[PDB]
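# experimental coordinates follow, after the sequence.
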Amino acid sequence: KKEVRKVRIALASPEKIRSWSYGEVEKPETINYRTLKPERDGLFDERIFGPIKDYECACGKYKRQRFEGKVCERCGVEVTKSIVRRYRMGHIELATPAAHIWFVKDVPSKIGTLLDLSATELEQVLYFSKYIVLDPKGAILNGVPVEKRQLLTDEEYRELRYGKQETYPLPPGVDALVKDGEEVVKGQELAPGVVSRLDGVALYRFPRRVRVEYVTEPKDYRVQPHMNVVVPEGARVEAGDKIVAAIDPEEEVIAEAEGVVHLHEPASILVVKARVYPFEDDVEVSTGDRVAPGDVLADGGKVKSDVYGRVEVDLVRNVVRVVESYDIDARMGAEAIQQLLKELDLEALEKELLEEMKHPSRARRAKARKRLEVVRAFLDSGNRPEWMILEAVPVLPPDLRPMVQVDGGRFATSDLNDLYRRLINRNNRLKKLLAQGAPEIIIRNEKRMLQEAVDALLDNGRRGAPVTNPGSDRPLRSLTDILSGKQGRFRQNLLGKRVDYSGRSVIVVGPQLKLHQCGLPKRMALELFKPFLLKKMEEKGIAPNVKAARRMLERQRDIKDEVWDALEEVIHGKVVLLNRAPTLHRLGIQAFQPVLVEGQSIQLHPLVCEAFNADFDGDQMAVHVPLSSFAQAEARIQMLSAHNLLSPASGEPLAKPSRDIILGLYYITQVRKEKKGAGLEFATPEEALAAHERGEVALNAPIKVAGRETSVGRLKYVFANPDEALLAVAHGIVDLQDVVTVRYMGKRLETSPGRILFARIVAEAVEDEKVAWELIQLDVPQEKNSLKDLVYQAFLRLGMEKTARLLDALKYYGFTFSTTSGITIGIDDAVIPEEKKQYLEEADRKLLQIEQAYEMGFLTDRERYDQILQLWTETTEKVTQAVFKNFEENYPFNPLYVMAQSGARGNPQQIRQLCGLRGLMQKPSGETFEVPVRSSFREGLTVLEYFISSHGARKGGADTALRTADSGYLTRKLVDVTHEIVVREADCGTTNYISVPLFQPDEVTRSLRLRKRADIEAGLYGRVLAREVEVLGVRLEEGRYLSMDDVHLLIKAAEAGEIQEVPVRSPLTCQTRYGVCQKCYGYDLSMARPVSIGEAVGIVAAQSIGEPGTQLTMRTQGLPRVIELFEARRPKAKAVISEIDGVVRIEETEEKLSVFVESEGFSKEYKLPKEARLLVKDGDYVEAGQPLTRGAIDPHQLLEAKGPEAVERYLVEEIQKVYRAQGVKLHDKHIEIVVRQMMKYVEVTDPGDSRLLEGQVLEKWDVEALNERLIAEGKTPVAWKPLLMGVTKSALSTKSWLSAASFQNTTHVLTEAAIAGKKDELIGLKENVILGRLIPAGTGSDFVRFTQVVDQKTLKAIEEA
Amino acid sequence: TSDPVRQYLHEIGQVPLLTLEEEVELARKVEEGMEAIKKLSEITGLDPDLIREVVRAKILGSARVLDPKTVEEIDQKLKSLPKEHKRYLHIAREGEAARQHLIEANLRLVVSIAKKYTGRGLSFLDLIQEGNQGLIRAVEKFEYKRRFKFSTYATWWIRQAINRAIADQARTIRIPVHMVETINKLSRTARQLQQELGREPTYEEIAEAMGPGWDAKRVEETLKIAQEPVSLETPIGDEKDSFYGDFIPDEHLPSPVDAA
DNA sequence: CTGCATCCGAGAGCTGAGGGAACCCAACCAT
DNA sequence: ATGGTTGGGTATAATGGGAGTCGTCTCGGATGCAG
Ligand SMILES: [Mg+2]
Ligand SMILES: [Mg+2]
Ligand SMILES: [Zn+2]
Ligand SMILES: [Zn+2]
């Protein structure tokens, strides 16, 4: 079995379809209503699709195996596996060709481009509204000859094909002013009140009376509608002959004697334009035959035709009349389109467009290029255009459109069966009508309906009203509906599946678990590991065989005790995967060792809750079991929870103490401060001790003795080592928060027993005293940031195992000390400062002043509104400051204050709302109210303030609700556009780099100010130095990975003015195909070491970018700005930039304003709205691409002006601005990868000596390779310009049709791929996932997946051999 | 552009109708054309259907794509026949043309009858096309010697064609015409009983009202066999993500445990 | 022959759990 | 040997249908205007 490497898609010929089919479906019957067996020649017949039962024909002659390939003579059913019913197709032979709607309705239509017909014309021809001309045969329409590919309405064709034959109903009993059979010119009156309008003869229809002479005298006979006249006009009669033949013997009119005949009072007149020819013998051409000039008609050729027309021999007068018509050949519908398609010669058309490509017109050139694209696709693929017209329609196998009996006995069927039934009914009716010689109106209607049925089968609900089943408004789902959409095959069954060996349950906190363990209920483990448990019980004596084990395990009450021990032995060493939806980053799935617990809840470690973004208010998580050795190895080595301690997005610790742990550590590591002594002066320490003993000074009061600050605690309690200090704490002599002097590590430290205990905890956790002493910060309370830094430093210095041990010890001790700390929340703990009252009264003062200033005309409404807002904002800020100063000075251990300061929970704004006041509120229109909320949540709100705050609450809720969906969509788009980027080699060999700056222009352009430390870290940490750097007597060599310490060293050097920018490698300049290299990427941020070859960095980058957007980013600003930047949309607040260099000269008039940029070569002008704001001043110099107005810059204009690098830097910086505004840490690498994918394409300006066309967009690498080969051969290189397209359009333009088809716009991608005959090489990850293959990443990378392993003994044996 | 019903109606309207004189003329032409066809069949000694096919090909012309060589050969094989016996051929050609005009002019009877048959499982256009099929049959079998108007003979054929099409194409599972009529009788009897008695009737009452040969058991079976399959994509729940067919298990293929 | 500039139609918008209207008439094939 | 099925016929005159939807945004061809 060869391996599958490529997948090709192409158009299918009618021959191919007929070779696929096992037979034609001739009847619309589905199943018999009595026997529930398939009907012969129906949609489920077993002769075509295969038997329902395995190895058993329909009539039962054969019911055993070995008959493979044998077809029963009686029933015609092959004997084989029944599974063939889901593979074998059928087909329907159309009476008339029908057009494939995919190639008709996808704008622009492929048939329209090939046949140079607009969409309206194509729709008119295909759906039987207008004719199209083939072989005009020299016809004349309105004096102009008709030419091929001309569209005629029904009226022009009927005139050309048949002629003009007007009829006038002459009133009964009125004679005509003309006689039958004489040429009548236009305007010659045919009656006293009827006038002709066309040239030609007038013909009598049902003359009301007949005058017959008799040898003379006349006689009159009345001619009634129910009878006809036989004798021709102006023909003599004989005696006994009949004139007015009748049905009734008594009513017959026989001529008495011989006389002439005349016909008067005609009922109607038929005026035609035709020629007349008498004859006296047999004629040659009969009615309905068309003749040409100079053709024999009668009399052996004596009479000859002079014009083209249709001949009809009127026997009544024995005269041949030729009506002027032509033999023009106009056809309708897909048959005509196919006939036009087969006559097309592609080489001549290609030459014609190549000649057209020399036109000075740009629009003509673009249209010709668009036509050439499809023409060349057809020529290269080898597909024939006529294959876009269907002659036989394939029929899907029945098992994919099942008709099944539900458990309740009713029937359930697919809509495809009804669509096929409609198609078959219309096809059969068309065949019957064609076999009957029906008139052309009925046939045209039948063909229109057949075309509409084919369209509904292929794409229902695209043209016109969708087809629905009677009694319902639900449109039927066609094959395309099955293929595409959120519920379609690709997105619902190929990129994601339901799986076995899985479960789900609610999660519960697992504080006693280790970092790598999770609590699994016994029942879940028994159900999940059932086959392993059966095998292990087989090993023991619990069951004789697997079936006995299964029956025993089947009933709950039949399970014993030893089976639980067998299960415990089964799961020994194995891990399971835990997953919480939604999975925003890779950490949403993690591997854990299961510990069997009682109950029904999964127990989760507290330290992974932040990584999972999981809480314990009802959240549920799913459990999966990796089966094979490879899966278990991957889970244990790459997905273990203890092995994933740093964030892949920022490199900062992600599994870290949180919530109660910080609270406990901060409580035990905080030191008391007292005011009883309050800096009193003492001369000798003994006096201080006596004062403390008398009760005059506090134990921890900051006193001064002999000119140096100290406290009574430091002098009274001197401990030799930590054990004595902790023993004294245990006896109640001192508390954990008292400051004493302790001898530790050979030094005398003025510290508290709590800080010593924390140091001992860390040192005993890491099993190293010197390193632990180096890592910790002793002289500060332990809070979130210090603990995170400690975890990061411990990781770097010792490794992930010791970091996990330290984390577990910190968690345990934090919980233990948080339990006994005495943390609680009462109403009196939200202390309201007294200053608040004053702050309010002051405001109430200024308010009055403001009102006065408004009543005397000095202020308008707008100014007063702004002043009120400003005053209340400043009051709110002042109240915040007063609240926190009060908390720090009077109640240093207040629970809310400790929670806010330690970082465990809460932010200053919430504390201010709790204590001081809520503040200003926004109306639903977005503008602030005039009165603020002056009540806090402790005092209790009134109804009105609560109601006004409801506006902001509701707006925030709705904002969240929309933001989550928009962020999910953005994450999906980013993952789809970057999914193919992998680390594929060690070094691409490039010499390009980027220069990361360290100083940014000031907002007033005063000078360059140093960027924030966080931004420099995010832009420099982990990168590879492109060039050597000399800073502070330190030589950073080329190719060095920048660790955090190096980043700090460069920042310090920048603060000393020795350096202004850093040259580094980046993915933006990497040259590896379909990915990046190890050096151009840098660190794997989750391990603080160079990234391994084979890492799927595109998916990681996309997830990393998308994660914060949900919820973290709020909503020109916020998430809309990120969406606009990643799609390269032109901003609606667009600014004006200078395309060229020059000096600025602002010219302002009383009505308009403009800016002229005058360089040394040329002087350009920019007209701008007067309301705009200018960033320039008269007489300054601006570079290309610098802005002249405030607002967002259009990326395409910047690309035109400066080039690719400037746009790269602008996009990266602007995308990072939004994330930095929210406080989110995110490395530049991910955005750089996304931007590199964003700018993947170029446009050809001059093809040179290549086969490419001007304006053809193509991948940059391909054109570079083409240029390289061309210069090697000695030709003219192709000239190209870079392009920039949003993420959606970049993703839809990829080479792989599978990923593009599974992304979006499925019909367009599929039709283009089928026309082009594209081959999918399976380079990216999605195609391999769709095919169920091993992805070319991780263990599936070619760099690592061929490695072998062997011991020394076997290797030596092979060496001897 | 869209709405094919409007296009079809406009095209039908572009053809004028006939008056009594025109109708009798066309019918008489049709009759003499069939008589001439039979006379030519006797004269040449050939099977009538083949000569009919030759005449149809000649009226329709080269435009209508039986092959050109055969029809041309026999066309000239009839031109060999002597005069006096040739008028029949021109009469047959005229009669075939007359059939074309008659059908085009009387197409409106199809729409007029069929517009009151909507809502029986068949769309309007299928009803109309089947009515045109009945109209062709009525035209071919019409005898004008009875002096009856065409509408009288055409309406019966139209109703028969439409009703047969309803019985054959209204249901996914084909049920014979007689059983469909039986179901029709059952439904009308049930609704009449419900209307008179004022509540949903029981099976025994309907069986008693049908007459001899009908019991409650047969009535249950008849209602059972009149059931139509449901769609696998019926939306379940508020959100548009759960379908009925997603809850249907396979009971045919062996399970992994059974295979092991 | 450019360039603007609306003008119209097409195709998308988080996961997961759970969702419940005729009658007759007579020949003819399967089993 | 038996019912259930399959196709054919009905004669005053009968002649252009009928349902309908509204609180979205963004992108890319298509048409018509000034220069
Ligand atoms: Mg929750
Ligand atoms: Mg002491
Ligand atoms: Zn058989
Ligand atoms: Zn590289």
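Noted; the coordinates are in hand. Residues are numbered from 1 along each chain as shown, chains lettered A, B, ... in the order given. Ligands and ions are numbered 1, 2, ... in the order given.
# and the spatially most central residue of chain A, what helix or strand is that in?
Centroid-nearest residue in chain A, with CA atoms, centre = their mean: residue A:973, separated by 4.8 Å. Assigning secondary structure by DSSP states H and E places residue A:973 in helix A:943-978.
# the very next helix or strand once past that helix pairs with which strands?
Per DSSP H and E, helix A:943-978 leads on to strand A:982-985 as the next helix or strand towards the C-terminus. Sheet pairing for strand A:982-985, assigned by DSSP bridges, gives strand A:1075-1077 (parallel).
# what residues sit buried inside the strand it pairs with?
A:1075-1077 (16 or more other CB atoms under 10 Å in any protein chain shown). Where you see a C-beta, it was placed from the backbone N, CA and C, and this is true even at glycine.
# is that strand in proximity to ligand 4?
Yes. Using CB under 5 Å from the ion, strand A:1075-1077 reaches ligand 4 at residue A:1077.
# can you list contacts of that strand?
Contacts to strand A:1075-1077, defined as CB atoms under 8 Å, 6 or more residues apart in numbering or on different chains, come from residues A:980-988, A:1067, A:1070-1071, A:1097-1098, A:1233.
# relative to ligand 3, which of those is nearest.
Of all those, ligand 3 sits closest to residue A:980, with 52.9 Å by CB to the ion.
# surely the closest one meets residue A:1072?
No. Counting by CB atoms under 8 Å, residue A:980 does not reach residue A:1072; the two are 11.9 Å apart.
# the residue nearest to the centre of chain A against residue A:1286, yeah?
No. Contact criterion CB under 8 Å: residue A:973 and residue A:1286 do not qualify, at 9.0 Å.
# before we move on, back to that, any chance of a PyMOL selection covering the buried ones in the contacts of strand A:1075-1077?
Buried subset of these, written as a PyMOL selection, criterion 16+ other CB under 10 Å:
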select buried, chain A and resi 980+981+982+983+984+985+988+1067+1070+1071+1097+1098+1233
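# now the two most distant members of the contacts of strand A:1075-1077.
Largest separation among those by CB to CB: A:980 and A:987, giving 20.3 Å.
# and the helices in chain B?
B:4-13, B:20-44, B:48-60, B:68-79, B:87-114, B:124-141, B:150-169, B:177-197, B:203-210, B:216-225, B:256-259 (DSSP state H).
# can you check the stretch 101-250 of chain A too?
For the stretch 101-250 of chain A, the helices defined by DSSP state H, counting those that start in this stretch occupy A:102-105, A:110-115, A:119-126, A:154-161.
# give me the contacts around the shortest one.
So that's helix A:102-105. Residues contacting helix A:102-105 (CB under 8 Å, 6+ apart): A:109-111, A:122-123, A:126, A:388, A:458-459, A:462-463, A:480, A:1307, A:1310-1311.
# swap the cut-off to 7 Å and go again
Residues from elsewhere that reach helix A:102-105 (CB atoms under 7 Å, 6 or more residues apart in numbering or on different chains): A:109-111, A:122, A:126, A:388, A:458-459, A:462-463, A:1307, A:1311.
# and the residue in the stretch 101-250 of chain A that DNA strand D sits nearest to, how close does it get to DNA strand C?
Of all residues in the stretch 101-250 of chain A, residue A:108 sits closest to DNA strand D, at 4.4 Å by CB to the nearest atom of the strand. Note on residue A:108: its distance to DNA strand C, by CB to the nearest atom of the strand, to the nearest Å, is 11 Å.
# and what of residue B:185?
The gap separating residue B:185 from DNA strand C is 5 Å, by CB to the nearest atom of the strand.
# which residues sit in contact with that residue?
Residue B:185 neighbours (CB under 7 Å, 6+ apart): none.
# list the contacts for residue A:6?
A:1319-1322.
# please name the nearest non-neighbouring residue to the residue in chain A that DNA strand C sits nearest to.
Closest contact between chain A and DNA strand C, by CB to the nearest atom of the strand, is at residue A:968 (2.6 Å). Once flanking residues are discounted, residue A:968 sits nearest to residue A:1110: 6.8 Å by CB to CB, 6 or more residues apart in numbering or on different chains.
# what's the local residue count around that neighbour?
20 (other CB atoms under 10 Å in any protein chain shown).
# still on that earlier bit, which one of the contacts of strand A:1075-1077 sits closest to residue A:1150?
Nearest member of those to residue A:1150, counting by CB to CB, is residue A:1233, at 52.1 Å.
# would you mind measuring from the closest one to residue A:1105?
Going from residue A:1233 to residue A:1105 by CB to CB, to the nearest Å gives 9 Å.
# contact residues of chain A facing DNA strand C?
Within reach of DNA strand C by CB under 7 Å from any atom of the strand, chain A has these residues: A:106-107, A:360-364, A:462, A:484-486, A:496, A:504, A:581-582, A:620, A:961, A:964-965, A:968-969, A:1304-1307.
# just chain B next, same as before
Taking CB under 7 Å from any atom of the strand as the measure of proximity, chain B contacts DNA strand C at B:119-120, B:159-160, B:163, B:177-178, B:181, B:183-185, B:187-188, B:236-242, B:244, B:247.
# if we use 6 Å, what do you get?
B:119-120, B:159-160, B:163, B:181, B:184-185, B:187-188, B:236-239, B:241-242, B:244, B:247 (CB under 6 Å from any atom of the strand).
# what's the helix or strand for the nearest residue to residue A:818 once chain neighbours are set aside?
Leaving aside its sequence neighbours, residue A:818 sits nearest to residue A:664 (CB to CB, 6+ apart; 3.2 Å). Using DSSP H and E, residue A:664 maps to helix A:660-669.
# okay, that helix in CSV with CA atoms only?
Output in CSV follows, covering the C-alpha atoms of helix A:660-669 (Å, rounded to 0.1, in the frame of the first residue of the first chain):
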residue,chain,number,x,y,z
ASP,A,660,-5.2,32.6,49.3
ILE,A,661,-1.6,31.7,48.9
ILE,A,662,-0.4,35.3,48.5
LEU,A,663,-2.7,36.3,51.4
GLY,A,664,-1.2,33.9,53.8
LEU,A,665,2.4,34.5,52.7
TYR,A,666,1.9,38.3,52.9
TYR,A,667,0.2,38.0,56.3
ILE,A,668,3.1,36.0,57.7
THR,A,669,5.8,38.1,56.0
